Amino acid sequence: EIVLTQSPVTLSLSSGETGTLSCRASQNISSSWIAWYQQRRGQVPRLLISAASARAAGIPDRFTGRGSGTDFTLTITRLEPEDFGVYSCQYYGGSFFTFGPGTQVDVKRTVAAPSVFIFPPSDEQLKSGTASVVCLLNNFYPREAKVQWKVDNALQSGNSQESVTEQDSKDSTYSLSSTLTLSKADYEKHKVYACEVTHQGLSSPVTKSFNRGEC
Amino acid sequence: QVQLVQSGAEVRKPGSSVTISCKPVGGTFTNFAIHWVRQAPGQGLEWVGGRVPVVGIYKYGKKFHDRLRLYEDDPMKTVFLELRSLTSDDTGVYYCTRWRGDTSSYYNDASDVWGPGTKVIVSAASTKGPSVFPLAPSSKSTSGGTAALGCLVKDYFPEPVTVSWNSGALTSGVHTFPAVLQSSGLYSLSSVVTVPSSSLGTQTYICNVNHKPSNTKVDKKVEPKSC
Ligand SMILES: *[C@@H]1O[C@H](CO)[C@@H](O)[C@H](O)[C@H]1NC(C)=O
């Protein structure tokens, strides 16, 4: 099986800046079977380039695809605000097609550490037999953020979901929620609830926590 | 000048199957392969399978080899995708795609023609209004004169739900996160806002929740809490 990987995860650029996106194949492949797609905020993917370098009809000059063998790149020279989105490479050779994981290009900005807030479950919800603990990371940049839940110093895995806002139009920051879902019985069996946040804007991870019953 | 039209969105129970139609408008039918591409929520594009209509040249993705079925009705010039034994991994938008450009068949091509997409929701839930729980402001949500508070809008179906603050008077500092489909098949989201901490004792903060599909409307006042 041929698998495609992409780098970086999030590429930060400003209007007029040039950046290069990378697509690596697991094997040596013909450049005739590589394509690049563009996904904007709310619409279908759009073909930008096929056969590694052949620009599709109507695609502006700013997009240039290069590469052969295993390393394939997509360059955006003087990007306009309409170029911000997610770009995915594709291999359409052989019988099985595959796409890379995608690369998001977002508006560049100075680093901004997150403000971390934690909320206990309401007594109203606890009556229903469930408990939701919410960790809020407000107005941060860049996008990469790590949130870990610890319940009495026990790392939680598989019982939390996180959602992120789109990059803000004014200050170009992100906000993130991480919601830990526990049953009523499990929530009362433990005392200390903490969300630990790791982020480039933070010199050290920040831990926001509370003690159940006292909160 | 070909265009692809797909059937409308569907909610499907786990274990059932889903069938999605795709009709090419303004072009041929037996020349270029129809390649299906799906997109799970927030996840990357994933090729499902492709089939040249009538000609019979086809290939299913390895992960869908035993659950996928691609066929068509030649008199109606419409291709179909059937995916059986649906689980939560199959939730997403499904795209019908095609390349444009005497007669032969071509399978290995990029896709410059994309259908509008068909949203598939794998869930056993019925239409249900949400419960609105407070994200109460406390010392654990205050930091230097700025207090964070919000509302947890949990366990509704289907989308969407709208959330405003103080009947629309409060808009600055508001962050209503995208909904997430929980393990139960019910959506959930939080709407938060940051305010001056000195206003907690003077200003009222009410989140206005409206779930139109269930005709559910709740005005929840968020009060401080000792934490
Ligand atoms: C691809 O070919 C180059 C040149 O021979 C070689 O250095 C590289 O290891 C090959 N990689 C794979 C994955 O075949």
Side-chain angles (χ1 to χ4, degrees), chain A residues 1-13 18-39 45-56 59 61-77 83 85-106 143-144 146, chain B residues 32-40 42-52 57-68 70 89 92 95 97-99 101 105-112 114:
Chain A
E1 295 79 1
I2 293 179
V3 58
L4 303 173
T5 56
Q6 295 188 233
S7 183
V9 173
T10 42
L11 185 64
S12 295
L13 308 90
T18 298
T20 301
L21 295 72
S22 299
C23 177
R24 170 174 284 98
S26 61
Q27 308 174 7
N28 277 296
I29 56 180
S30 168
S31 62
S32 300
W33 310 119
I34 284 295
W36 288 90
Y37 295 81
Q38 178 192 60
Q39 276 188 89
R46 173 176 72 158
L47 179 69
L48 293 185
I49 288 165
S50 58
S53 62
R55 211 163 63 256
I59 299 309
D61 182 271
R62 310 184 297 280
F63 302 97
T64 62
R66 305 278 110 101
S68 65
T70 68
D71 299 332
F72 301 86
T73 63
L74 171 61
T75 302
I76 313 182
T77 41
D83 303 316
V86 174
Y87 296 81
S88 307
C89 57
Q90 181 205 34
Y91 176 78
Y92 56 96
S95 299
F96 308 89
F97 296 2
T98 315
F99 292 87
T103 288
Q104 179 186 359
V105 293
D106 64 347
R143 165 63 176 87
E144 180 179 356
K146 184 73 172 184
Chain B
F32 290 126
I34 297 298
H35 294 277
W36 292 86
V37 179
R38 76 179 183 177
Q39 188 170 222
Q43 207 159 355
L45 301 163
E46 181 178 32
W47 181 76
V48 178
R51 186 190 204 278
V52 186
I57 293 177
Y58 80 106
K59 206 62 163 189
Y60 300 159
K62 287 190 178 64
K63 193 162 65 184
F64 320 97
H65 178 269
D66 292 320
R67 296 190 301 122
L68 188 67
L70 301 180
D89 292 326
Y95 295 103
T97 82
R98 186 192 185 270
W99 172 269
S105 64
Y106 205 172
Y107 178 85
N108 299 78
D109 284 311
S111 291
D112 50 4
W114 289 68

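Ligands are counted one by one from 1 in listed order, and the atoms in each one are counted from 1 as well. What you see below is based on every heavy atom in this structure, not just the backbone, and it leaves out hydrogens, waters and symmetry mates. Labels below follow one simple rule: chain letters A, B, ... track the order of the sequence lines, proteins then strands, and each chain is numbered from 1.
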_Passing candidate, ring-ring contact (aromatic ring centres under 6.0 Å, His included) with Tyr92(A), options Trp33(A), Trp36(A), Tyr37(A)_ = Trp33(A)

*Measure the distance from atom 9 (O) of ligand 1 to every protein heavy atom, then report the residue, atom name and distance (to 0.1 Å) of the closest one.*
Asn28(A) ND2, 4.9 Å

*Do protein heavy atoms approach atom 4 (C) of ligand 1 to less than 4.0 Å?*
no

*Is atom 7 (O) of ligand 1 less than 4.0 angstrom from some protein heavy atom?*
no

*Decide whether a cation-pi geometry holds between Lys62(B) and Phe96(A); the criteria are a distance under 6.0 Å from NZ or CZ to the six-membered ring centre and an angle within 45° of the ring axis.*
yes

*Is the number of heavy atoms from other residues, nucleotides or ligands within 6.0 Å of CZ (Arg67(B)) greater than 12?*
yes

*Do the ring centers of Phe64(B) and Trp36(B) come within less than 6.0 Å of each other?*
no

*Is there a heavy atom of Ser26(A) sitting under 4.0 angstrom from any atom of ligand 1?*
yes

*Could you list the atoms of ligand 1 found under 4.0 angstrom from a heavy atom of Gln27(A)?*
13 (C)

*May I ask you to check whether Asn28(A) and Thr70(A) show a side-chain donor-acceptor distance below 3.5 Å?*
no

